[PDB]
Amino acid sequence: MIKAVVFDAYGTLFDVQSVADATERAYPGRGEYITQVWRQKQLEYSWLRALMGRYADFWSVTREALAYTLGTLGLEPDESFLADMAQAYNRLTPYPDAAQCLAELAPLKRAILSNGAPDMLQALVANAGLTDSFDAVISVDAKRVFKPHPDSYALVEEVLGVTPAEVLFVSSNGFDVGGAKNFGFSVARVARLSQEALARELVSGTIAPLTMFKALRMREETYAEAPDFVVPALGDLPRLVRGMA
C-alpha cells in the first residue's frame, strides 16, 4: 500500500520560471533567455558531473550553470555576483495548489527527494512556507550523485523506512519520472503542458525560445518507462491517491 508521497522539488513543487524578474531586472531584455538556459544547463551539469564521477553539490552546479548562461551573452561576473544571483533558486515560488495538496495528504508520510543541496532545500521550503508540510526533506547530497542515478532514490527507504512499492513519487520532470520508475516507485507525473498545445505552438510560425525549453523539458522521455499516473496539477493528487489502491 502507499504509505508515502515523495515529491520532486524543482519544476514540481516550485516554479523554476519564477527567477524571471531577478534575471530580467539584473539584465534587461535577457530575462526569458537566461531563465531557460540556466535551468537546462543546471540539469545537464548535474547529469554530466555525476556520470563523470565528479560530484559537486547542486549549489555549485546552479552557480556553474549560471556562469555558463551569462557567459553565452558575453558577461563575466565574479563569484560574489554569481552566489548572490543564484539565491534566486532558493526563493522559487511554490505552485498555488502545493500547500492545499500537501494538507490533504497529511495522513500519509510526505517528503521531498531533490537534487538540491541541503541548505538550498531548507531555504527553498521555508521561504515557500511549506516546512510544516513535510516529514522529511531529502537531498541527494549524502549519496554524492544526481538523479536519475539509482542511489538518489535509495535514500527514500533509508530516511522514511518505506519500501519502493509503498512510495508514490511525484514529478513534472521526465528524467525524474524515468529514474523513479526504474528504481521501482509508483509514479504520478505532473504534466502542465498539454501535448496538443505544444504541437500547435511548434507550428504557429517562428518558434520562440521559451517554446524551445518546453519542447526539451515538459514531455515524457522516450527511453523512460511511462508513469503510472498523469495529473494536470498537484491539487489532483489527493483525489488520485484516494481512489488509487
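Each residue number is its position in the shown sequence, starting from 1.
Relative to its counterpart among 104 to 112 and 164 to 172, 104 to 112 has the higher mean temperature factor, C-alpha atoms as listed in the PDB entry. In this crystal structure, the stretch out of 124 to 132 and 141 to 149 whose C-alpha atoms carry the higher mean B factor is 124 to 132. The PDB entry assigns its highest CA temperature factor, among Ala99, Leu73, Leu155, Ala88, to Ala99. When the Cα B-factors of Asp21, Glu221, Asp15, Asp228 are read from the PDB record, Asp21 comes out highest. For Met212, the recorded CA temperature factor ranks within the middle third of the chain's modelled residues. Sorting the modelled residues of the chain by their CA temperature factor places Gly205 in the highest third.
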